[PDB]
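Engineer: The following block contains the structure, expressed as C-alpha cells.
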Amino acid sequence: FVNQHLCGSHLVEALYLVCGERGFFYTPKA
Amino acid sequence: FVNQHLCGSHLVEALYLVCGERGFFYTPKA
Amino acid sequence: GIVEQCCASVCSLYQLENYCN
Amino acid sequence: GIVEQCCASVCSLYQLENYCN
C-alpha cells in the first residue's frame, strides 16, 4: 500500500502504520 | 480539540494539524 | 513520553507543540 | 525530502523506513 503518491495526512498515516512502535519523524520542508 | 485523550492515529493526526509545515516527531516508547 | 502525557492522560497544546520541529 | 519523494513522486517502503526512528 506504500507504492503510490502519499500526501498530507495520508503520508503521516503510512509512516504510522509502517514504523509501528519505533515512531517516526515527519519533516515536510526538508 | 487537543485537550482530550489522544491515542494512536488520533494523536498523530493532532500533531499533523497543530505542527503544520513545521512537521513533528512521534516517539511512543519514550 | 507523549503517549503517557497525551494518551494515558489528557493532552495539552503545550505538550503537543513540544514535539513540533 | 519526504514530500518530494513520496507525494510529488511515488513513494517506496525504503524511503518510508528511512524516517522511522
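What follows is calculated from the coordinates using simple rules that are stated; it is not laboratory data. Positions of Cβ are generated from backbone atoms using ideal geometry, with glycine treated the same way; all protein chains shown enter the neighbour counts.
Engineer: Please give the direction-averaged projected area of the C-alpha convex hull for the protein assembly as shown, in square nanometres with one decimal.
Structural biologist: Result: a mean projected hull area of 5.6 nm².
Engineer: To one decimal in nm, how far is C:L13 from the same spot in the other copies, if labels go 7 Å from Cα toward Cβ? Please give the shortest first.
Structural biologist: 4.1
Engineer: Suppose you put the label 7 Å out from Cα in the Cβ direction; list, shortest first and in nm with one decimal, how far A:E21 is from each other copy's label.
Structural biologist: Sorted ascending, the copy-to-copy spacings read 3.8 nm.
Engineer: Just how large is the dipole of the protein assembly as shown about the Cα centre, in debye to the nearest 20, putting +1 at every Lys and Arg Cβ and -1 at every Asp and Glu Cβ? Present the calculation step by step, with values, prior to reporting the outcome.
Structural biologist: Details: 4 positive and 8 negative charges, 17 e Å.
In total the dipole reaches around 80 debye.
Engineer: Taking the simple approach of a point 7 Å from Cα along Cα-to-Cβ for both A:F1 and B:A30, what is their distance in nm?
Structural biologist: 2.6
Engineer: What's the minimum Cβ distance from chain B to the axis relating it to A, in whole Å, and which residue gives it?
Structural biologist: For the rotation taking chain B to chain A, the closest Cβ gives B:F25, 2.
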